[PDB]
Amino acid sequence: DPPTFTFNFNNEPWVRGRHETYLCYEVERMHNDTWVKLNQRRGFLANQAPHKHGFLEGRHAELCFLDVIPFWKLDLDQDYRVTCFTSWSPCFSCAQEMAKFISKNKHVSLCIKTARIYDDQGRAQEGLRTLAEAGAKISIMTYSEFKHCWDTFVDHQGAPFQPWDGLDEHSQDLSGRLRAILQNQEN
Ligand SMILES: [Zn+2]
């Protein structure tokens with residue numbers, strides 16, 4: 001057979017927030033002081049809008065699952081068990097908003113293992129610290145959690161996907177930054 005593989009998750013652009021963004025998530029509906037789930041889906045698609053009919057601004061992972069919450073329309077005492085797997089930690093307004101819903105109430109546990117993000121300081125740090133501090137537990141899902149990212153949302157668990165050195169660069173970035181952003185250690 002001819003050795004021809006397609007890598008859309010590699011270094012090659014495939015997120016940039018909105019638009020055809022490769023993203024994955026996992027959410028559970030917490031009820032009766034416990035945890036439960038009433039759906040069968042692992043990860044997410046590489047685009048916006050989960051279903052058809054009803055889409056204007058679009059949901060980029062952050063507000064995506066955030067939408068799945070009102071989708072269940074829990075009572076109130078319930079809790080949001082949401083987990084995300086994106087190629088980037090936050091988003092300017094997508095995260096700023098997300099952060100709110102999560103920072104506007106104490107009852108939403110999240111684990112966003114993101115690949116990596118690169119921003120100067122302005123027009124990005126807002127959704128960064130906000131969503132990352134009062135929005136969810138953002139993890140640096142680079143080369144390491146990347147291989148695992150597969151082991152969690154792949155039928156084969158860790159598909160034969162080759163990692164790019166950039167992961168070493170980005171990983172080191174998203175991580176070291178995420179520490180500076182959340183900690184706000186200005187130095
Ligand atoms: Zn976005």
# chains A, B, ... in the order shown; residues from 1 in each chain; ligands from 1
>>> residues_near_ligand(ligand="ligand 1", cutoff="8 Å", atoms="only C-alpha atoms and all ligand atoms", output="MDAnalysis selection string")
chainID A and resid 16:18 59:62 90:95
>>> write_last_selection(atoms="N, CA and C atoms", output="compact mmCIF listing (two decimals), in the first residue's frame")
# COMPACT_ATOMS: atom_id res chain seq x y z
N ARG A 16 -7.36 28.40 14.93
CA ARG A 16 -7.52 29.85 14.84
C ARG A 16 -8.84 30.30 15.45
N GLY A 17 -9.28 29.61 16.50
CA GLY A 17 -10.52 29.96 17.15
C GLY A 17 -11.74 29.55 16.34
N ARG A 18 -12.47 30.54 15.83
CA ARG A 18 -13.66 30.28 15.03
C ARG A 18 -13.31 29.55 13.74
N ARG A 59 -19.59 28.80 17.88
CA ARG A 59 -18.99 28.39 19.14
C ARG A 59 -17.65 27.70 18.89
N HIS A 60 -16.59 28.26 19.46
CA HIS A 60 -15.25 27.70 19.29
C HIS A 60 -14.81 26.94 20.54
N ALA A 61 -15.33 25.74 20.71
CA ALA A 61 -14.97 24.90 21.85
C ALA A 61 -15.45 25.49 23.17
N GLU A 62 -14.89 26.63 23.55
CA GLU A 62 -15.26 27.29 24.81
C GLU A 62 -16.78 27.42 24.96
N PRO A 90 -6.90 29.71 25.36
CA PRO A 90 -8.06 30.57 25.40
C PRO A 90 -8.45 31.20 24.06
N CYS A 91 -9.25 32.25 24.18
CA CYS A 91 -9.75 33.04 23.06
C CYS A 91 -10.12 34.42 23.60
N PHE A 92 -9.95 35.46 22.80
CA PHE A 92 -10.23 36.82 23.28
C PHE A 92 -11.63 36.95 23.90
N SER A 93 -12.66 36.87 23.07
CA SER A 93 -14.03 37.01 23.56
C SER A 93 -14.67 35.67 23.83
N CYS A 94 -14.23 34.64 23.12
CA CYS A 94 -14.79 33.31 23.32
C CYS A 94 -14.45 32.83 24.72
N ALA A 95 -13.27 33.19 25.20
CA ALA A 95 -12.84 32.81 26.53
C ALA A 95 -13.36 33.80 27.56
>>> select_by_dssp(residues="range 4-153 of chain A", states="strand (DSSP E)", output="JSON, numbers by chain")
{"A": [24, 25, 26, 27, 28, 29, 30, 31, 34, 35, 36, 79, 80, 81, 82, 83, 84, 85, 108, 109, 110, 111, 112, 113, 114, 137, 138, 139, 140]}
>>> closest_residue(among="A:140, A:38, A:84, A:15", to="residue 152 in chain A", atoms="only C-alpha atoms")
A:84
>>> residues_around(residues="residue 107 in chain A", least_positions_apart="4", cutoff="10 Å", atoms="only C-alpha atoms", output="mmCIF file with N, CA and C atoms, in the first residue's frame")
data_model
loop_
_atom_site.group_PDB
_atom_site.id
_atom_site.type_symbol
_atom_site.label_atom_id
_atom_site.label_comp_id
_atom_site.auth_asym_id
_atom_site.auth_seq_id
_atom_site.Cartn_x
_atom_site.Cartn_y
_atom_site.Cartn_z
ATOM 1 N N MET A 30 -24.044 16.573 35.913
ATOM 2 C CA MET A 30 -24.030 16.242 37.337
ATOM 3 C C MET A 30 -25.392 16.512 37.969
ATOM 4 N N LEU A 76 -30.580 23.770 38.701
ATOM 5 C CA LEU A 76 -29.715 24.799 39.265
ATOM 6 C C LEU A 76 -28.693 24.177 40.207
ATOM 7 N N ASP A 77 -29.162 23.268 41.055
ATOM 8 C CA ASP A 77 -28.292 22.585 42.006
ATOM 9 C C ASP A 77 -27.315 21.663 41.288
ATOM 10 N N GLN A 78 -27.561 21.426 40.004
ATOM 11 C CA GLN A 78 -26.698 20.564 39.217
ATOM 12 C C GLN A 78 -25.335 21.214 39.003
ATOM 13 N N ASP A 79 -24.405 20.452 38.436
ATOM 14 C CA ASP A 79 -23.060 20.957 38.180
ATOM 15 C C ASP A 79 -22.604 20.608 36.775
ATOM 16 N N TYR A 80 -21.790 21.485 36.204
ATOM 17 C CA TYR A 80 -21.284 21.289 34.860
ATOM 18 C C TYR A 80 -19.948 20.562 34.858
ATOM 19 N N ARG A 81 -19.957 19.305 34.429
ATOM 20 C CA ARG A 81 -18.723 18.546 34.328
ATOM 21 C C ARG A 81 -18.272 18.594 32.879
ATOM 22 N N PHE A 101 -19.491 32.928 32.550
ATOM 23 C CA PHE A 101 -20.423 31.849 32.894
ATOM 24 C C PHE A 101 -19.862 30.950 33.991
ATOM 25 N N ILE A 102 -18.553 30.774 33.969
ATOM 26 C CA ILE A 102 -17.875 29.931 34.937
ATOM 27 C C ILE A 102 -17.392 30.736 36.144
ATOM 28 N N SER A 103 -17.148 32.021 35.930
ATOM 29 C CA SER A 103 -16.704 32.909 36.996
ATOM 30 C C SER A 103 -17.879 33.707 37.559
#
>>> closest_residue(among="A:55, A:164, A:25, A:72", to="residue 111 in chain A", atoms="only C-alpha atoms")
A:25
>>> closest_residue(among="A:174, A:128, A:82, A:69", to="residue 96 in chain A", atoms="only C-alpha atoms")
A:128
>>> closest_residue(among="A:145, A:157, A:63, A:73", to="residue 31 in chain A", atoms="only C-alpha atoms")
A:73
>>> atom_distance(atom1="CA of residue 131 in chain A", atom2="CA of residue 147 in chain A")
24.4 Å
>>> closest_residue(among="A:71, A:23, A:33, A:141", to="residue 48 in chain A", atoms="only C-alpha atoms")
A:23
>>> decode(residues="range 21-54 of chain A", atoms="N, CA and C atoms", output="PDB file, in the first residue's frame")
ATOM      1  N   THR A  21     -12.367  24.985  12.969  1.00  0.00           N
ATOM      2  CA  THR A  21     -11.402  24.764  14.038  1.00  0.00           C
ATOM      3  C   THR A  21     -11.493  23.350  14.600  1.00  0.00           C
ATOM      4  N   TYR A  22     -10.392  22.610  14.506  1.00  0.00           N
ATOM      5  CA  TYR A  22     -10.340  21.252  15.028  1.00  0.00           C
ATOM      6  C   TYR A  22     -10.425  21.283  16.545  1.00  0.00           C
ATOM      7  N   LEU A  23     -11.561  20.866  17.094  1.00  0.00           N
ATOM      8  CA  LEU A  23     -11.724  20.880  18.540  1.00  0.00           C
ATOM      9  C   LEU A  23     -12.471  19.649  19.029  1.00  0.00           C
ATOM     10  N   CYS A  24     -12.235  19.300  20.289  1.00  0.00           N
ATOM     11  CA  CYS A  24     -12.876  18.151  20.902  1.00  0.00           C
ATOM     12  C   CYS A  24     -13.251  18.459  22.346  1.00  0.00           C
ATOM     13  N   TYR A  25     -14.347  17.875  22.827  1.00  0.00           N
ATOM     14  CA  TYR A  25     -14.776  18.113  24.198  1.00  0.00           C
ATOM     15  C   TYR A  25     -15.492  16.896  24.785  1.00  0.00           C
ATOM     16  N   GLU A  26     -15.764  16.969  26.081  1.00  0.00           N
ATOM     17  CA  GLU A  26     -16.459  15.908  26.799  1.00  0.00           C
ATOM     18  C   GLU A  26     -17.161  16.498  28.013  1.00  0.00           C
ATOM     19  N   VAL A  27     -18.485  16.408  28.043  1.00  0.00           N
ATOM     20  CA  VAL A  27     -19.245  16.972  29.150  1.00  0.00           C
ATOM     21  C   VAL A  27     -20.217  15.969  29.765  1.00  0.00           C
ATOM     22  N   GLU A  28     -20.344  16.039  31.084  1.00  0.00           N
ATOM     23  CA  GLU A  28     -21.249  15.170  31.824  1.00  0.00           C
ATOM     24  C   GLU A  28     -22.242  16.009  32.625  1.00  0.00           C
ATOM     25  N   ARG A  29     -23.447  15.477  32.811  1.00  0.00           N
ATOM     26  CA  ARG A  29     -24.485  16.184  33.552  1.00  0.00           C
ATOM     27  C   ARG A  29     -24.527  15.724  35.008  1.00  0.00           C
ATOM     28  N   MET A  30     -24.044  16.573  35.913  1.00  0.00           N
ATOM     29  CA  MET A  30     -24.030  16.242  37.337  1.00  0.00           C
ATOM     30  C   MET A  30     -25.392  16.512  37.969  1.00  0.00           C
ATOM     31  N   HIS A  31     -25.976  15.482  38.580  1.00  0.00           N
ATOM     32  CA  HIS A  31     -27.283  15.616  39.211  1.00  0.00           C
ATOM     33  C   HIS A  31     -27.376  14.807  40.506  1.00  0.00           C
ATOM     34  N   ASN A  32     -28.280  15.232  41.382  1.00  0.00           N
ATOM     35  CA  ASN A  32     -28.511  14.569  42.663  1.00  0.00           C
ATOM     36  C   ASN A  32     -27.231  14.442  43.486  1.00  0.00           C
ATOM     37  N   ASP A  33     -26.424  15.500  43.500  1.00  0.00           N
ATOM     38  CA  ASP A  33     -25.183  15.510  44.262  1.00  0.00           C
ATOM     39  C   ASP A  33     -24.168  14.541  43.675  1.00  0.00           C
ATOM     40  N   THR A  34     -24.514  13.922  42.554  1.00  0.00           N
ATOM     41  CA  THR A  34     -23.627  12.980  41.921  1.00  0.00           C
ATOM     42  C   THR A  34     -23.357  13.371  40.475  1.00  0.00           C
ATOM     43  N   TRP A  35     -22.701  12.474  39.761  1.00  0.00           N
ATOM     44  CA  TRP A  35     -22.356  12.694  38.368  1.00  0.00           C
ATOM     45  C   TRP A  35     -23.031  11.668  37.472  1.00  0.00           C
ATOM     46  N   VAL A  36     -23.599  12.147  36.381  1.00  0.00           N
ATOM     47  CA  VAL A  36     -24.275  11.279  35.430  1.00  0.00           C
ATOM     48  C   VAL A  36     -24.181  11.843  34.018  1.00  0.00           C
ATOM     49  N   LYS A  37     -24.479  11.009  33.030  1.00  0.00           N
ATOM     50  CA  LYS A  37     -24.424  11.429  31.634  1.00  0.00           C
ATOM     51  C   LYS A  37     -25.570  10.819  30.836  1.00  0.00           C
ATOM     52  N   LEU A  38     -26.145  11.610  29.936  1.00  0.00           N
ATOM     53  CA  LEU A  38     -27.252  11.146  29.109  1.00  0.00           C
ATOM     54  C   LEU A  38     -26.973  11.409  27.631  1.00  0.00           C
ATOM     55  N   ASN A  39     -25.775  11.041  27.187  1.00  0.00           N
ATOM     56  CA  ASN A  39     -25.383  11.238  25.796  1.00  0.00           C
ATOM     57  C   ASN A  39     -24.226  10.318  25.419  1.00  0.00           C
ATOM     58  N   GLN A  40     -24.048  10.099  24.120  1.00  0.00           N
ATOM     59  CA  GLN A  40     -22.976   9.241  23.630  1.00  0.00           C
ATOM     60  C   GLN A  40     -22.135   9.967  22.584  1.00  0.00           C
ATOM     61  N   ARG A  41     -21.119  10.687  23.047  1.00  0.00           N
ATOM     62  CA  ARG A  41     -20.239  11.430  22.150  1.00  0.00           C
ATOM     63  C   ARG A  41     -18.878  11.671  22.799  1.00  0.00           C
ATOM     64  N   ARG A  42     -17.816  11.448  22.031  1.00  0.00           N
ATOM     65  CA  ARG A  42     -16.459  11.641  22.528  1.00  0.00           C
ATOM     66  C   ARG A  42     -15.716  12.677  21.691  1.00  0.00           C
ATOM     67  N   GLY A  43     -15.245  13.734  22.346  1.00  0.00           N
ATOM     68  CA  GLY A  43     -14.526  14.780  21.643  1.00  0.00           C
ATOM     69  C   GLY A  43     -15.457  15.722  20.908  1.00  0.00           C
ATOM     70  N   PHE A  44     -14.968  16.308  19.820  1.00  0.00           N
ATOM     71  CA  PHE A  44     -15.769  17.233  19.025  1.00  0.00           C
ATOM     72  C   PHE A  44     -15.238  17.315  17.594  1.00  0.00           C
ATOM     73  N   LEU A  45     -16.009  17.963  16.735  1.00  0.00           N
ATOM     74  CA  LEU A  45     -15.667  18.121  15.326  1.00  0.00           C
ATOM     75  C   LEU A  45     -14.772  19.334  15.083  1.00  0.00           C
ATOM     76  N   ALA A  46     -14.180  19.375  13.895  1.00  0.00           N
ATOM     77  CA  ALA A  46     -13.304  20.472  13.516  1.00  0.00           C
ATOM     78  C   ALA A  46     -14.097  21.593  12.853  1.00  0.00           C
ATOM     79  N   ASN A  47     -14.966  22.240  13.626  1.00  0.00           N
ATOM     80  CA  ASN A  47     -15.785  23.330  13.107  1.00  0.00           C
ATOM     81  C   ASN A  47     -16.662  23.926  14.204  1.00  0.00           C
ATOM     82  N   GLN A  48     -17.561  24.823  13.810  1.00  0.00           N
ATOM     83  CA  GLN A  48     -18.462  25.472  14.757  1.00  0.00           C
ATOM     84  C   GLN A  48     -19.883  24.938  14.614  1.00  0.00           C
ATOM     85  N   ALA A  49     -20.713  25.205  15.618  1.00  0.00           N
ATOM     86  CA  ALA A  49     -22.102  24.759  15.609  1.00  0.00           C
ATOM     87  C   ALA A  49     -22.196  23.234  15.678  1.00  0.00           C
ATOM     88  N   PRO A  50     -22.636  22.686  16.826  1.00  0.00           N
ATOM     89  CA  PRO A  50     -22.769  21.236  17.006  1.00  0.00           C
ATOM     90  C   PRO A  50     -23.891  20.649  16.157  1.00  0.00           C
ATOM     91  N   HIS A  51     -25.050  21.301  16.184  1.00  0.00           N
ATOM     92  CA  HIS A  51     -26.204  20.845  15.416  1.00  0.00           C
ATOM     93  C   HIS A  51     -26.550  21.835  14.309  1.00  0.00           C
ATOM     94  N   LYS A  52     -27.636  21.559  13.595  1.00  0.00           N
ATOM     95  CA  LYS A  52     -28.078  22.425  12.507  1.00  0.00           C
ATOM     96  C   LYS A  52     -29.147  23.399  12.988  1.00  0.00           C
ATOM     97  N   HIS A  53     -29.378  24.449  12.205  1.00  0.00           N
ATOM     98  CA  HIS A  53     -30.377  25.455  12.551  1.00  0.00           C
ATOM     99  C   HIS A  53     -30.018  26.149  13.861  1.00  0.00           C
ATOM    100  N   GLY A  54     -29.612  27.411  13.766  1.00  0.00           N
ATOM    101  CA  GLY A  54     -29.247  28.164  14.949  1.00  0.00           C
ATOM    102  C   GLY A  54     -27.749  28.367  15.071  1.00  0.00           C
TER     103      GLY A  54
END
